[PDB]
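Tertiary structure, described
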Protein chains: 2
Amino acid sequence: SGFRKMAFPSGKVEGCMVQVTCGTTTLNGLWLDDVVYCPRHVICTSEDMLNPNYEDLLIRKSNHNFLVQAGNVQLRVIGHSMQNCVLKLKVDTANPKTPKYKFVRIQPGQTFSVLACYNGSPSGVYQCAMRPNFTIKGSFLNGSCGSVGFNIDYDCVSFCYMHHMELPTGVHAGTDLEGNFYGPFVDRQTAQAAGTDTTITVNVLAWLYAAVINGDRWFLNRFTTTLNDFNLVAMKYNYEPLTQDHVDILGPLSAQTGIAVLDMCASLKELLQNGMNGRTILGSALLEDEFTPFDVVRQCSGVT
Amino acid sequence: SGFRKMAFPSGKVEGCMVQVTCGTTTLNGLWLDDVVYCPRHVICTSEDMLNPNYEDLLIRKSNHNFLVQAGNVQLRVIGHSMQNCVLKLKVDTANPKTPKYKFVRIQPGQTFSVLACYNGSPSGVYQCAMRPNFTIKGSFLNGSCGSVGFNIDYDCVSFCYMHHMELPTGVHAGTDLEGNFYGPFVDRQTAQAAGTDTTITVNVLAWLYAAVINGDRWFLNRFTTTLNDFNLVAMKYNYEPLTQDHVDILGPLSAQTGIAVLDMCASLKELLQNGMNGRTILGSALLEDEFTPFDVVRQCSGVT
Ligand SMILES: COc1cc(Cl)cc(CC(=O)Nc2cnccc2C)c1
Ligand SMILES: COc1cc(Cl)cc(CC(=O)Nc2cnccc2C)c1
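Residues numbered from 1 in each chain as written, not as in the entry; some residues may be left out. Chains lettered and ligands numbered in written order. Heavy atoms only, no water.

- Chain A appears in the PDB entry as 3C-like proteinase from Severe acute respiratory syndrome coronavirus 2.
- The deposited entry bears the title "Group deposition SARS-CoV-2 main protease in complex with inhibitors from the COVID Moonshot -- Crystal Structure of SARS-CoV-2 main protease in complex with MAT-POS-c9973a83-1 (Mpro-x11271)".

**Observations concerning the relation of the copies chain A and chain B**
- For the pair chain A and chain B, the best superposition has an RMSD of 0.0 Å and corresponds to a rotation of 180° with a translation of 0.0 Å parallel to the axis. The transformation relating the two chain copies, once decomposed into turn and shift, fits a two-fold axis. For chain A, the smallest separation between a C-alpha atom and the rotation axis is recorded for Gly11 of chain A, amounting to 1.8 Å. (Least-squares fit on C-alpha atoms.)

**What to know about the site of ligand 1**
Residues and elements named next belong to chain A.
- For ligand 1, the set of nearby residues contains 14 residues, the closest of which are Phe140, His163, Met165, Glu166 and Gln189.
- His163 places a polar side-chain atom, nitrogen or oxygen, 2.9 Å from a nitrogen atom of ligand 1.
- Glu166 has a polar backbone atom sitting 3.2 Å from an oxygen atom of ligand 1.
- When the free accessible area of ligand 1 is taken as 490 Å², the share hidden by the protein chains comes to 78%. (Near = heavy atom within 4 Å. Polar contact = N/O pair within 3.5 Å; in protein donor to acceptor, adjacent residues only side chain to side chain. Areas by Shrake-Rupley, 256 points an atom, 1.4 Å probe, with all protein chains shown as cover.)

**Description of helix α8 (residues 293-301) of chain B**
All names here are of chain B.
- For α8, the full list of buried residues reads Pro293, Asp295, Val296, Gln299 and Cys300. One side of α8 carries all its buried residues, which in axial view fall inside an arc of 160°.
- Along its buried surface, α8 packs onto β9 (111-118), β10 (121-129), α3 (201-213), α5 (244-249) and α6 (251-257).
- The first or second residue beyond α8 is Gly302, which carries a positive phi of 80°. (Buried < 20%, exposed > 50% of the residue type's maximum accessible area, 1.4 Å probe, protein only. Helix = DSSP H or I, 4+ residues; strand = E, 2+ residues; numbered from the N terminus. Arc of directions from axis to C-beta. Contact = heavy atoms within 4.5 Å.)

**Comments concerning the site of ligand 2**
Residue and element names in this part refer to chain B.
- Around ligand 2, a shell composed of 14 residues is seen, among which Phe140, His163, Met165, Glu166 and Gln189 lie nearest.
- Within the side chain of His163, one N or O atom sits 2.9 Å away from a nitrogen atom of ligand 2.
- In the environment of ligand 2, an oxygen atom lies 3.2 Å from a nitrogen or oxygen atom belonging to the backbone of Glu166.
- Taken by itself ligand 2 offers 490 Å² of open surface, and the protein chains cover 78% of this.
- Tallied by class, residues from the shell around ligand 2 come to five nonpolar, six polar and three charged. (Nonpolar A, V, L, I, M, F, W, Y, C, P; charged D, E, K, R; others polar.)

**Some words on the sheet that holds strand β1 (residues 17-22) of chain A**
Residue and element names in this part refer to chain A.
- Taken together, the seven strands give an open sheet; going across it, the order is β5-β4-β1-β2-β3-β7-β6, and neighbouring strands pair in antiparallel fashion. Edge positions in the sheet fall to β5 (73-75) and β6 (77-83), since each has one partner strand and no second. Across the sheet, the axes of successive neighbouring strands diverge by a mean angle of 30°, strand direction being ignored.
- Relative to strand β3 (residues 35-39), strand β2 (residues 25-32) runs antiparallel, the two being bridged by three bridges. Paired with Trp31 across the bridge in β3 is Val36. (Pairing = 2+ DSSP bridges. Axes fitted to C-alpha atoms, helices over the stretch in contact; angles between N-to-C directions.)

**Some details on the pattern of salt bridges**
- Evaluation of the coordinates by the stated rule reveals 22 salt bridges over all chains.
- Across the salt bridge formed by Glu290 of chain B and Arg4 of chain A, the nearest N and O atoms sit 2.9 Å from each other. Highlighted residues: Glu290 of chain B in the loop between α7 (261-274) and α8 and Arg4 of chain A in the segment before α1 (11-14), drawn from two different chains.
- With its nearest N and O atoms 2.9 Å apart, the salt bridge here joins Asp295 of chain A to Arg298 of chain A. You can see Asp295 of chain A and its partner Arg298 of chain A sitting in helix α8 (residues 293-301), three residues apart, about one turn around the helix.
- It is possible to trace a salt-bridge network through shared partners that takes in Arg4 of chain A together with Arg131, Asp197, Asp289 and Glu290 of chain B. (Salt bridge = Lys/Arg side-chain N within 4 Å of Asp/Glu carboxyl O.)

Listed below in structure tokens is the structure:
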């Protein structure tokens, strides 16, 4: 029993963290095989960020200008290229610690572990969700750029996120490992506002099932609802509309608890309309939306 | 910016996780140097747990009865002994992945990362606090026993906790790495109730400073208080009494924000007496007490 915002073990990702320096800028790099991936804004100075011409800026850089250090040993750069907002620095040594890996572009509402790093060294690990507005609510400071988000399937690390920037609104934006930003964000020091963030309804429902599994059942009521009626209440509270796919994805949790998805929706409807009335669910006084139905099943079954 | 319940990178601890089997019982072991540490209840069967005589039970066991497997390779057991509620299985091979380590018995109110494991394999990592009543609110299932709690100081892992049991109340009890339980708990299937849990006041104050550092200042008021007056309000809300040592420990956070400790206490006093009025602090609708002043400084400065 017990339910926590649990991150994946970070060991396989720590063995990939390197330090990338270009001129006076230092950030984190991800070393896999003979390639180091890092945000392309490493080539910029603070003066360049207002409207950088990355193609022009990169042209004034050669392999020798990119200092790559793994722990305390220097890597020799034999190639360099820009793929969207990431630089791929080809090194002459394959990372002996490269795990089995994939590059995946995650869907909004999905979750992942972040290995926050500074100067190629890991500082901490936490669970995040890609918000419906494609921002992440992480914990990042200057030098954290290049830190990565990932998931693990037994021995395979799926890299989904690379951290690039913090917006003036305090939220975090970044790319997949091919350099494509999640959302409308650009790697430029300009006014950028994220869209309206919604609550991930399927995740809140998944977390209600985790609460039921872990003994917190006070919010269970004698009511039911339909997808259409629930969605009217979801729209008013800026929750993501619930689809039949979401109901299907909640199937394993519904079978484990014996509580129908639409009955759980009715408990959620009453929680939205009436609040928590001072009570808590899984030690929280608000509806948690950063646990997918897969995260709930995983944590409640002990998948290693 | 951003504030998360951040765990330490678990890499150094994953390299120590082994599987210990004794008869029909399988749990996790911690392999450091040529010694594997695991909860002594590994020698019990479900029939023995009502009132086990561990000395008698251990006497019917020999080195060959303890199956220790690290990944997929079998370790040879050349010695075995009971130190309080832990068994120390001496193996003929030193763990090549042993990090620099210490065994520390933590103080209540202090925090640590848990590497939850099943069958010697890590499933996840999360931040915990040793509650004032010496229980932990973790996430553990059957087979999670032997999972460890720890902290890291650059290259040194300080092992503070080994998971042993879940109480009927759904809370978690365990030992330090010398086998001494935190709290009054015994490794026996009997009725055991934890004491009254209090809120770690110095941690809630530390988290209020993190909220101020990260932009959430709505709760800051035009008031102040004294240690004696604040403590009258802390007693009523079952918060730990605030001492001058706690004020001193909050000094670095007070200097960074420019907000005196007693002024922050006054904001907390008003939050206790009036609630959050529907608002949130750092994405939470309740007062968070599982971040020490050291955790706040670390996260807000980027210590790797
Ligand atoms: C000045 O314009 C910038 C533009 C880009 Cl694309 C990147 C940066 C660096 C940056 O945002 N670092 C950072 C990331 N997360 C938390 C905090 C910080 C300070 C700056
Ligand atoms: C039956 O008496 C017991 C006594 C002790 Cl000392 C230990 C156990 C095993 C246990 O508690 N495992 C566990 C730990 N955390 C979460 C869930 C579980 C099921 C059982």
